[PDB]
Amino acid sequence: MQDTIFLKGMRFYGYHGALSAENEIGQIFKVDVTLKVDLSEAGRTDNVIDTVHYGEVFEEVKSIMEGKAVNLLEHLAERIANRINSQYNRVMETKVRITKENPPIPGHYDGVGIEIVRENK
């Protein structure tokens, strides 16, 4: 069982951050979300009723990302994860990756971030 619905590279502009200036200025927020769903039925039938619309999942990711400001990425991801696993019983697991290639971190890197993995129960 390893089928996966993916939303990779979703980049939004959020004012989240533990800093004060961040929650002022904001910055692009990269978010990758893969959902453990089985597309054997979806694949057999070819009907939505057999899977998760990646457009709806997009918007849910969207609601949380540009929603109120948070402090950590853990917040934003734990909120997407529970918005995804509590909206679709079709999604066994929902891992959320959020990168910030624009932090107030003096240096050169392709970005910092976190990446959670939540199943449903």
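Residue numbers here begin at 1 and follow the sequence given.
Mean CA B-factor, 43-51 versus 28-36: the higher value falls on 43-51. The PDB entry reports B-factors from which the mean C-alpha value can be compared for 18-26 and 107-115; the larger average falls on 18-26. The PDB entry assigns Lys62 a C-alpha temperature factor belonging to the lowest third of its chain's modelled residues. Per-chain ranking of the deposited C-alpha B factor places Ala81 in the highest third.
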